[PDB]
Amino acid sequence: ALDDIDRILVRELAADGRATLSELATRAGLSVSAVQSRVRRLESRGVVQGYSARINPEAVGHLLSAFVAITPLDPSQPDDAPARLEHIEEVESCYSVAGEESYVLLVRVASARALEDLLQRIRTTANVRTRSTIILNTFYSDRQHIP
C-alpha cells in the first residue's frame, strides 16, 4: 500500500534527504501539511528508516574497507553474532547470506595493521572464522532505486 504520491516523495528524499516540505509539496502537487503528514506516515511504517548524510570515509580516516565473510567456529547455539558485533564500531553492515558462510560484514579501518587487529577482535568476539576481501575502490554506492 504505497500510492503514486508516496513513490514521488521517497524517490525525492532518496535523492535528497534534506528536500524541504515546501519543495516536496510543490513537486507532488500537495500542501505542505499534506506532505508533512504523508512523510510521517512513511516514517512510522518503516518505509523511511532515517536520514543520514553521506560521508566520504577516506576524508575521515577510513583508508581501508573490506568485506569480511564469517562463519561459526561451532555452529551449535542460535546465532549470536550480529548481536555480539553490534558494538564494534568499525563494522558498518552485517548481513546473513546463503551458501557456505553465514554473515558478510562491511568493515572500515585506518590501515592494514588496523585491519589485522580488527579481524582478531571479530574472531574473538563472535567466535567465528573469517574470509576477508579488501575493497580497492568504490565506483558508486547506495544508489537507491524506487521502481
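Heads up, when I say rigid core I mean the largest set of C-alphas that superpose within 1.5 Å between the two forms. For every residue, the number given is its place in the sequence shown, counted from 1.
- Comparing 42-50 with 75-83 in 5 other deposited structures of this protein, after superposition on the rigid core, the stretch with the greater RMS C-alpha deviation is 75-83.
- Relative to the shown model and aligned on the rigid core, the C-alphas in 5 other deposited structures of this protein deviate most, among 60-68 and 97-105, for 97-105.
- Once the C-alpha B-factors are averaged per stretch, 63-71 and 49-57 rank with 49-57 first.
- 129-137 and 18-26 differ in mean CA B-factor, and the higher of the two is recorded for 18-26.
- Across 90, 101, 86, 117, the entry's maximum B-factor at the CA atom is seen for 86.
- In the PDB entry, residue 106 places in the lowest third of its chain by CA B-factor.
- Residue 94: CA B factor lies in the lowest third for its chain, per the PDB record.
- For residue 122, the recorded CA B-factor ranks within the lowest third of the chain. Only modelled residues enter the ranking.
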